[PDB]
Protein chains: 2
Amino acid sequence: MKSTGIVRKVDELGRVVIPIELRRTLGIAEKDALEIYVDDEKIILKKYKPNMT
Amino acid sequence: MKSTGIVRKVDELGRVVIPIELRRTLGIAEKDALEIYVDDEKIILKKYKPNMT
């Protein structure tokens with residue numbers, strides 16, 4: 001499990017329903033955060049750094 | 001406008017609220033679709049191909 005090549009809708013408020021399977025791949029969650037970047041034209045979602053002090 | 005290095009929550013249903021600004025950058029919308037992939041450990045959101053026959 002990795003790249004799916006799978007499209008999703010951005011829902012309504014601007015939240016893209018990132019499939020549970022994918023966020024399972026990165027081991028993120030809904031209450032989790034994603035550190036988003038963009039490579040010129042494309043979006044890069046990393047999982048938020050789980051650094052809790 | 002491009003990479004922000006900006007984190008967002010995955011909401012509740014599994015939809016990450018991708019900031020309006022970012023989707024403003026890639027020319028997407030909330031009714032739009034995003035062709036999501038993953039590079040080993042990270043998520044890659046491209047905007048869905050606007051090819052409408």
# chains A, B, ... in the order shown; residues from 1 in each chain; ligands from 1
>>> residues_around(residues="region 23-40 of chain A", least_positions_apart="3", cutoff="9 Å", atoms="only C-alpha atoms", output="PyMOL selection string")
(chain A and resi 1-2+18-20+43-50) or (chain B and resi 1-16+18+22+26+38+40-45)
>>> write_last_selection(atoms="N, CA and C atoms", output="tab-separated table (two decimals), in the first residue's frame")
chain	number	residue	atom	x	y	z
A	1	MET	N	0.84	-1.22	0.00
A	1	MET	CA	0.00	0.00	0.00
A	1	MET	C	0.87	1.25	0.00
A	2	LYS	N	0.58	2.14	-0.94
A	2	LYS	CA	1.30	3.40	-1.07
A	2	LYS	C	0.47	4.34	-1.95
A	18	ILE	N	-9.58	12.26	2.21
A	18	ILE	CA	-8.46	11.38	2.01
A	18	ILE	C	-8.82	10.00	2.53
A	19	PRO	N	-8.84	9.00	1.66
A	19	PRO	CA	-9.33	7.67	2.00
A	19	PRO	C	-8.69	7.10	3.26
A	20	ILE	N	-9.50	6.38	4.04
A	20	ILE	CA	-9.05	5.79	5.29
A	20	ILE	C	-7.86	4.88	5.04
A	43	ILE	N	0.24	19.00	-4.71
A	43	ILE	CA	0.10	19.04	-3.26
A	43	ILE	C	0.82	17.87	-2.61
A	44	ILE	N	1.49	18.14	-1.50
A	44	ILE	CA	2.28	17.13	-0.80
A	44	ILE	C	1.82	17.03	0.65
A	45	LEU	N	1.10	15.97	0.98
A	45	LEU	CA	0.64	15.78	2.34
A	45	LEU	C	1.57	14.84	3.09
A	46	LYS	N	2.32	15.38	4.02
A	46	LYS	CA	3.04	14.55	4.96
A	46	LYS	C	2.22	14.49	6.22
A	47	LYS	N	2.42	13.48	7.02
A	47	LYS	CA	1.73	13.44	8.30
A	47	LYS	C	2.41	14.42	9.24
A	48	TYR	N	1.64	15.01	10.14
A	48	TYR	CA	2.21	15.93	11.10
A	48	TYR	C	3.18	15.21	12.01
A	49	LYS	N	4.23	15.90	12.40
A	49	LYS	CA	5.24	15.32	13.26
A	49	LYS	C	4.66	15.11	14.65
A	50	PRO	N	4.55	13.84	15.07
A	50	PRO	CA	3.91	13.47	16.34
A	50	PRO	C	4.79	13.78	17.55
B	1	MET	N	2.78	31.90	-4.05
B	1	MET	CA	1.93	30.80	-3.56
B	1	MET	C	2.35	29.46	-4.18
B	2	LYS	N	2.62	28.50	-3.31
B	2	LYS	CA	2.91	27.13	-3.70
B	2	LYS	C	2.90	26.24	-2.45
B	3	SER	N	4.03	25.59	-2.17
B	3	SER	CA	4.23	24.91	-0.92
B	3	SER	C	4.09	25.88	0.23
B	4	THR	N	3.29	25.50	1.19
B	4	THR	CA	3.09	26.33	2.34
B	4	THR	C	3.88	25.81	3.52
B	5	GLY	N	3.94	24.49	3.63
B	5	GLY	CA	4.48	23.87	4.82
B	5	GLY	C	3.50	24.04	5.95
B	6	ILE	N	2.24	23.79	5.61
B	6	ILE	CA	1.11	24.12	6.46
B	6	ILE	C	0.34	22.86	6.80
B	7	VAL	N	0.13	22.61	8.09
B	7	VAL	CA	-0.57	21.40	8.49
B	7	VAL	C	-2.06	21.69	8.67
B	8	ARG	N	-2.88	20.67	8.42
B	8	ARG	CA	-4.32	20.75	8.65
B	8	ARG	C	-4.82	19.45	9.24
B	9	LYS	N	-5.95	19.54	9.93
B	9	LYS	CA	-6.57	18.37	10.54
B	9	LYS	C	-7.35	17.59	9.50
B	10	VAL	N	-7.50	16.30	9.75
B	10	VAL	CA	-8.19	15.41	8.82
B	10	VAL	C	-9.69	15.38	9.14
B	11	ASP	N	-10.12	16.38	9.91
B	11	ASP	CA	-11.54	16.64	10.15
B	11	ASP	C	-12.14	15.57	11.06
B	12	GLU	N	-12.99	14.73	10.50
B	12	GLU	CA	-13.59	13.64	11.26
B	12	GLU	C	-13.94	12.48	10.35
B	13	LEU	N	-14.48	12.78	9.20
B	13	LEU	CA	-14.88	11.74	8.27
B	13	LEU	C	-13.71	11.27	7.42
B	14	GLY	N	-12.58	11.96	7.55
B	14	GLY	CA	-11.37	11.53	6.87
B	14	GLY	C	-10.99	12.50	5.79
B	15	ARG	N	-11.64	13.64	5.80
B	15	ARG	CA	-11.36	14.67	4.84
B	15	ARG	C	-10.45	15.74	5.43
B	16	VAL	N	-9.29	15.94	4.83
B	16	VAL	CA	-8.37	16.94	5.33
B	16	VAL	C	-8.79	18.29	4.76
B	18	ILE	N	-8.06	20.96	3.19
B	18	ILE	CA	-7.02	21.57	2.41
B	18	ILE	C	-7.35	23.04	2.21
B	22	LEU	N	-4.46	27.07	-0.80
B	22	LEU	CA	-3.73	26.08	-1.54
B	22	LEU	C	-4.52	25.61	-2.74
B	26	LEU	N	-3.65	25.65	-6.85
B	26	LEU	CA	-3.67	24.60	-7.87
B	26	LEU	C	-4.89	24.74	-8.78
B	38	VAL	N	0.89	8.52	-3.42
B	38	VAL	CA	1.80	8.56	-2.28
B	38	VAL	C	3.19	8.10	-2.69
B	40	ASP	N	6.13	6.60	-1.24
B	40	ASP	CA	6.67	5.83	-0.12
B	40	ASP	C	5.93	6.13	1.19
B	41	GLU	N	6.17	7.32	1.69
B	41	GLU	CA	5.73	7.72	3.01
B	41	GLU	C	4.86	8.98	2.96
B	42	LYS	N	4.68	9.56	1.77
B	42	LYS	CA	4.01	10.85	1.71
B	42	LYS	C	2.94	10.91	0.64
B	43	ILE	N	1.97	11.76	0.88
B	43	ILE	CA	0.78	11.87	0.06
B	43	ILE	C	0.97	12.93	-1.03
B	44	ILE	N	0.50	12.64	-2.23
B	44	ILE	CA	0.68	13.54	-3.37
B	44	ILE	C	-0.68	13.86	-3.99
B	45	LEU	N	-1.17	15.06	-3.76
B	45	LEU	CA	-2.45	15.46	-4.31
B	45	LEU	C	-2.26	16.28	-5.57
>>> select_by_dssp(residues="region 8-48 of chain B", states="strand (DSSP E)", output="list in words")
residues 8, 9, 15, 16, 17, 33, 34, 35, 36, 37, 38, 39, 42, 43, 44, 45, 46 and 47 of chain B
>>> select_by_dssp(residues="chain B", states="alpha helix (DSSP H)", output="list in words")
residues 20, 21, 22, 23, 24 and 25 of chain B
